[PDB]
file final29.cif (mmCIF, C-alpha atoms and all ligand atoms)
data_start
#
loop_
_atom_site.label_atom_id
_atom_site.label_comp_id
_atom_site.auth_asym_id
_atom_site.auth_seq_id
_atom_site.Cartn_x
_atom_site.Cartn_y
_atom_site.Cartn_z
CA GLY Z 37 -18.03 31.68 -20.39
CA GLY Z 38 -16.20 32.80 -17.23
CA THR Z 39 -13.34 31.74 -14.95
CA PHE Z 40 -14.43 32.83 -11.46
CA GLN Z 41 -14.37 30.03 -8.89
CA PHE Z 42 -15.50 30.72 -5.34
CA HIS Z 43 -14.06 28.95 -2.25
CA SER Z 44 -14.30 29.63 1.49
CA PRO Z 45 -13.09 26.45 3.32
CA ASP Z 46 -12.43 28.27 6.66
CA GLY Z 47 -16.09 29.26 7.29
CA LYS Z 48 -15.26 32.95 6.74
CA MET Z 49 -18.24 35.10 5.70
CA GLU Z 50 -16.24 37.66 3.70
CA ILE Z 51 -13.50 37.04 1.11
CA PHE Z 52 -11.30 39.64 -0.59
CA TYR Z 53 -9.40 39.22 -3.85
CA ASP Z 54 -6.14 40.96 -4.65
CA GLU Z 55 -5.99 42.45 -8.15
CA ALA Z 56 -3.72 39.70 -9.49
CA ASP Z 57 -6.06 36.97 -8.21
CA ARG Z 58 -9.17 38.37 -9.90
CA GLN Z 59 -11.13 36.22 -12.31
CA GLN Z 60 -13.72 37.00 -14.99
CA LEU Z 61 -17.50 36.55 -14.90
CA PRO Z 62 -19.74 35.96 -17.93
CA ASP Z 63 -21.93 38.93 -18.97
CA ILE Z 64 -24.45 38.33 -16.18
CA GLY Z 65 -27.96 39.38 -17.14
CA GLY Z 66 -31.67 38.91 -16.78
CA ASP Z 67 -35.10 40.47 -17.04
CA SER Z 68 -35.41 43.90 -15.44
CA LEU Z 69 -37.60 43.81 -12.29
CA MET Z 70 -39.21 47.21 -12.97
CA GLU Z 71 -39.44 46.97 -16.79
CA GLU Z 72 -40.59 43.51 -17.82
CA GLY Z 73 -39.12 42.50 -21.23
CA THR Z 74 -36.02 44.66 -20.97
CA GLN Z 75 -32.72 42.86 -20.23
CA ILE Z 76 -30.10 44.22 -17.86
CA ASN Z 77 -26.55 42.89 -18.23
CA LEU Z 78 -23.18 43.75 -16.64
CA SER Z 79 -22.10 45.05 -20.06
CA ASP Z 80 -24.64 47.88 -19.54
CA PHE Z 81 -22.32 49.18 -16.83
CA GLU Z 82 -18.96 49.02 -18.60
CA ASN Z 83 -16.16 50.65 -16.63
CA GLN Z 84 -18.38 51.03 -13.57
CA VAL Z 85 -17.98 49.30 -10.23
CA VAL Z 86 -20.97 46.98 -9.75
CA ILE Z 87 -22.28 45.79 -6.38
CA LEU Z 88 -24.31 42.68 -7.07
CA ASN Z 89 -26.78 41.94 -4.29
CA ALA Z 90 -29.03 38.87 -4.05
CA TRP Z 91 -32.26 39.77 -2.21
CA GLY Z 92 -35.92 38.99 -1.61
CA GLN Z 93 -38.56 40.95 0.33
CA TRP Z 94 -39.27 37.71 2.23
CA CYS Z 95 -35.77 37.87 3.70
CA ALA Z 96 -35.39 39.61 7.09
CA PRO Z 97 -31.63 40.41 6.67
CA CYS Z 98 -32.32 41.81 3.18
CA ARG Z 99 -34.90 44.13 4.64
CA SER Z 100 -32.46 45.45 7.23
CA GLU Z 101 -29.83 45.89 4.43
CA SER Z 102 -32.11 47.84 2.11
CA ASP Z 103 -31.24 51.33 3.42
CA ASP Z 104 -27.49 50.67 3.31
CA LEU Z 105 -27.70 49.42 -0.26
CA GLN Z 106 -29.50 52.67 -1.21
CA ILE Z 107 -26.68 54.71 0.41
CA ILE Z 108 -24.05 52.59 -1.35
CA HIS Z 109 -25.78 53.14 -4.69
CA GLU Z 110 -26.07 56.90 -4.14
CA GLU Z 111 -22.39 57.24 -3.15
CA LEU Z 112 -21.18 55.16 -6.10
CA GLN Z 113 -23.40 57.08 -8.53
CA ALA Z 114 -21.78 60.29 -7.28
CA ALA Z 115 -18.22 58.86 -7.28
CA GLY Z 116 -15.66 59.14 -10.12
CA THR Z 120 -20.64 59.57 -15.53
CA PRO Z 121 -21.55 57.35 -12.54
CA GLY Z 122 -18.65 55.66 -10.69
CA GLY Z 123 -20.63 52.50 -9.99
CA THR Z 124 -24.06 51.06 -9.32
CA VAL Z 125 -25.83 48.56 -7.13
CA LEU Z 126 -27.49 45.84 -9.23
CA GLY Z 127 -29.95 43.67 -7.34
CA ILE Z 128 -30.74 40.06 -8.14
CA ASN Z 129 -34.30 39.53 -6.86
CA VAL Z 130 -34.69 35.88 -5.87
CA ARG Z 131 -37.49 33.58 -4.60
CA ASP Z 132 -39.98 36.41 -4.97
CA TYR Z 133 -42.52 34.56 -7.10
CA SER Z 134 -44.82 37.54 -7.47
CA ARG Z 135 -43.21 40.28 -9.52
CA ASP Z 136 -45.80 42.78 -8.26
CA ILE Z 137 -44.82 42.17 -4.63
CA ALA Z 138 -41.12 42.74 -5.38
CA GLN Z 139 -41.86 45.92 -7.36
CA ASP Z 140 -43.96 47.32 -4.52
CA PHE Z 141 -41.15 46.57 -2.05
CA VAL Z 142 -38.77 48.56 -4.21
CA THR Z 143 -41.25 51.46 -4.57
CA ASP Z 144 -42.37 51.49 -0.86
CA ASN Z 145 -38.76 51.69 0.32
CA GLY Z 146 -37.60 54.28 -2.22
CA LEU Z 147 -34.91 52.03 -3.68
CA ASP Z 148 -33.42 53.61 -6.81
CA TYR Z 149 -31.09 50.87 -8.07
CA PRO Z 150 -31.92 48.37 -10.85
CA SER Z 151 -32.59 44.69 -10.17
CA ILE Z 152 -32.80 41.55 -12.25
CA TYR Z 153 -35.92 39.47 -11.66
CA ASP Z 154 -34.62 35.92 -11.12
CA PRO Z 155 -37.03 33.86 -8.97
CA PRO Z 156 -35.12 30.54 -9.24
CA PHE Z 157 -31.70 32.26 -8.76
CA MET Z 158 -30.47 30.94 -12.13
CA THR Z 159 -27.72 33.53 -11.96
CA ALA Z 160 -26.12 31.53 -9.10
CA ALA Z 161 -24.72 29.20 -11.79
CA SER Z 162 -22.58 32.11 -13.03
CA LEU Z 163 -21.23 33.01 -9.58
CA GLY Z 164 -18.69 30.18 -9.47
CA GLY Z 165 -19.95 28.24 -6.46
CA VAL Z 166 -21.41 30.85 -4.12
CA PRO Z 167 -24.23 28.71 -2.71
CA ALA Z 168 -27.70 29.76 -3.87
CA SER Z 169 -28.97 29.40 -0.27
CA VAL Z 170 -26.89 32.36 0.96
CA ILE Z 171 -29.34 35.29 0.78
CA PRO Z 172 -28.31 38.04 1.02
CA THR Z 173 -24.98 37.80 -0.78
CA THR Z 174 -23.15 40.90 -2.00
CA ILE Z 175 -20.34 40.71 -4.53
CA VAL Z 176 -18.28 43.82 -5.29
CA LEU Z 177 -17.03 43.84 -8.91
CA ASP Z 178 -14.16 46.09 -9.97
CA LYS Z 179 -14.24 48.33 -13.07
CA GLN Z 180 -13.30 45.29 -15.22
CA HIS Z 181 -16.29 43.48 -13.58
CA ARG Z 182 -14.12 40.97 -11.75
CA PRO Z 183 -15.08 40.01 -8.16
CA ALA Z 184 -12.98 41.99 -5.68
CA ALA Z 185 -14.96 40.99 -2.55
CA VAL Z 186 -17.74 38.56 -1.63
CA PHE Z 187 -19.85 39.03 1.48
CA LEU Z 188 -21.95 36.11 2.54
CA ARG Z 189 -23.82 38.08 5.16
CA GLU Z 190 -25.80 41.26 5.68
CA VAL Z 191 -23.50 44.25 5.04
CA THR Z 192 -23.34 47.92 5.99
CA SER Z 193 -22.64 50.81 3.67
CA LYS Z 194 -19.34 51.32 5.54
CA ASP Z 195 -17.97 47.85 4.80
CA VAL Z 196 -18.95 47.81 1.13
CA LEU Z 197 -17.77 51.34 0.35
CA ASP Z 198 -14.43 50.63 2.06
CA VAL Z 199 -13.83 48.20 -0.83
CA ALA Z 200 -15.87 49.84 -3.60
CA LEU Z 201 -14.76 53.47 -3.48
CA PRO Z 202 -10.99 52.80 -3.98
CA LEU Z 203 -12.01 50.58 -6.94
CA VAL Z 204 -13.73 53.58 -8.61
CA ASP Z 205 -10.52 55.66 -8.45
CA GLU Z 206 -8.12 52.98 -9.75
CA CA K 1 -29.30 45.06 -23.53
CA CA K 2 -35.12 47.26 -12.46
#

call {"tool": "encode", "arguments": {"input": "final29.cif", "output": "structure tokens"}}
result
Amino acid sequence: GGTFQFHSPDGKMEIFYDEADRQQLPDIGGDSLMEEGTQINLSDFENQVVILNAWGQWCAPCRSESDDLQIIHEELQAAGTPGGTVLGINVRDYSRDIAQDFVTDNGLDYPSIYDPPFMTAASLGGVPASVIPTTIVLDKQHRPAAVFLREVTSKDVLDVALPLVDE
């Protein structure tokens, strides 16, 4: 129940979408990583910027990204009620306990969906499921404003995300 279609035919690892070119996602959701049996959906964060981030503890680039994602989350929470959030999608981590301990050991404060088979990839309009990490910045209407198919820094994400909070 969405319209977003992803394309990057020039091999570029970051794509930005002007306001007029933005498309809608379905109400992406799944089981909470930290609270089994409780759903998290985009509609829980209405009017907030959302930084979706696909990650696994098994993934070296995800581990280097972890600190920057925490900074991004803290800055968005303080921006603007919270201005925005990071929302992780935990993938290919087939032991929930291992993923939870990663989150706790690294002091990560943002919520994640527990999605071992990356089912949510079907809703991301053709972003390949093999690209981990992927970060997608959603505007306040939860439309993709930027897609990063690589490890990101807090600087590059907030450059996009912070102006979106104020619009
Ligand atoms: Ca709910
Ligand atoms: Ca969680």

call {"tool": "residues_around", "arguments": {"input": "final29.cif", "residues": "region 136-147 of chain Z", "least_positions_apart": "3", "cutoff": "10 Å", "atoms": "all atoms listed in the file", "output": "JSON, numbers by chain"}}
result
{"Z": [69, 70, 71, 91, 92, 93, 94, 99, 102, 103, 105, 106, 107, 109, 129, 130, 131, 132, 133, 150, 151, 153]}

call {"tool": "atom_distance", "arguments": {"input": "final29.cif", "atom1": "CA of residue 162 (chain Z)", "atom2": "CA of residue 50 (chain Z)"}}
result
18.7 Å

call {"tool": "atom_distance", "arguments": {"input": "final29.cif", "atom1": "CA of residue 40 (chain Z)", "atom2": "CA of residue 157 (chain Z)"}}
result
17.5 Å

call {"tool": "residues_near_ligand", "arguments": {"input": "final29.cif", "ligand": "ligand CA 1 (chain K)", "cutoff": "12 Å", "atoms": "only C-alpha atoms and all ligand atoms", "output": "PyMOL selection string"}}
result
chain Z and resi 63-68+73-81

call {"tool": "write_last_selection", "arguments": {"input": "final29.cif", "atoms": "C-alpha atoms", "output": "PDB file, keeping the file's coordinate frame"}}
result
ATOM      1  CA  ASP Z  63     -21.930  38.930 -18.970  1.00  0.00           C
ATOM      2  CA  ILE Z  64     -24.450  38.330 -16.180  1.00  0.00           C
ATOM      3  CA  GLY Z  65     -27.960  39.380 -17.140  1.00  0.00           C
ATOM      4  CA  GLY Z  66     -31.670  38.910 -16.780  1.00  0.00           C
ATOM      5  CA  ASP Z  67     -35.100  40.470 -17.040  1.00  0.00           C
ATOM      6  CA  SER Z  68     -35.410  43.900 -15.440  1.00  0.00           C
ATOM      7  CA  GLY Z  73     -39.120  42.500 -21.230  1.00  0.00           C
ATOM      8  CA  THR Z  74     -36.020  44.660 -20.970  1.00  0.00           C
ATOM      9  CA  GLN Z  75     -32.720  42.860 -20.230  1.00  0.00           C
ATOM     10  CA  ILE Z  76     -30.100  44.220 -17.860  1.00  0.00           C
ATOM     11  CA  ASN Z  77     -26.550  42.890 -18.230  1.00  0.00           C
ATOM     12  CA  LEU Z  78     -23.180  43.750 -16.640  1.00  0.00           C
ATOM     13  CA  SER Z  79     -22.100  45.050 -20.060  1.00  0.00           C
ATOM     14  CA  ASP Z  80     -24.640  47.880 -19.540  1.00  0.00           C
ATOM     15  CA  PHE Z  81     -22.320  49.180 -16.830  1.00  0.00           C
TER      16      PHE Z  81
END

call {"tool": "closest_residue", "arguments": {"input": "final29.cif", "among": "Z:127, Z:202, Z:165, Z:116", "to": "ligand CA 2 (chain K)", "atoms": "all atoms listed in the file"}}
result
Z:127

call {"tool": "atom_distance", "arguments": {"input": "final29.cif", "atom1": "CA of residue 156 (chain Z)", "atom2": "CA of residue 59 (chain Z)"}}
result
24.8 Å

call {"tool": "closest_residue", "arguments": {"input": "final29.cif", "among": "Z:101, Z:190, Z:46, Z:154", "to": "ligand CA 2 (chain K)", "atoms": "all atoms listed in the file"}}
result
Z:154

call {"tool": "closest_residue", "arguments": {"input": "final29.cif", "among": "Z:125, Z:203, Z:166, Z:161", "to": "ligand CA 2 (chain K)", "atoms": "all atoms listed in the file"}}
result
Z:125

call {"tool": "closest_residue", "arguments": {"input": "final29.cif", "among": "Z:39, Z:124, Z:44, Z:180", "to": "residue 60 (chain Z)", "atoms": "all atoms listed in the file"}}
result
Z:39

call {"tool": "residues_around", "arguments": {"input": "final29.cif", "residues": "residue 185 (chain Z)", "least_positions_apart": "3", "cutoff": "10 Å", "atoms": "only C-alpha atoms", "output": "compact mmCIF listing (two decimals) with C-alpha atoms, in the frame of the given file"}}
result
# COMPACT_ATOMS: atom_id res chain seq x y z
CA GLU Z 50 -16.24 37.66 3.70
CA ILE Z 51 -13.50 37.04 1.11
CA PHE Z 52 -11.30 39.64 -0.59
CA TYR Z 53 -9.40 39.22 -3.85
CA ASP Z 54 -6.14 40.96 -4.65
CA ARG Z 58 -9.17 38.37 -9.90
CA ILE Z 87 -22.28 45.79 -6.38
CA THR Z 174 -23.15 40.90 -2.00
CA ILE Z 175 -20.34 40.71 -4.53
CA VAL Z 176 -18.28 43.82 -5.29
CA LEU Z 177 -17.03 43.84 -8.91
CA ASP Z 178 -14.16 46.09 -9.97
CA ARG Z 182 -14.12 40.97 -11.75
CA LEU Z 188 -21.95 36.11 2.54
CA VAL Z 196 -18.95 47.81 1.13
CA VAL Z 199 -13.83 48.20 -0.83
CA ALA Z 200 -15.87 49.84 -3.60

call {"tool": "closest_residue", "arguments": {"input": "final29.cif", "among": "Z:128, Z:179, Z:135, Z:192", "to": "residue 89 (chain Z)", "atoms": "all atoms listed in the file"}}
result
Z:128

call {"tool": "closest_residue", "arguments": {"input": "final29.cif", "among": "Z:198, Z:57, Z:205, Z:72", "to": "ligand CA 2 (chain K)", "atoms": "only C-alpha atoms and all ligand atoms"}}
result
Z:72
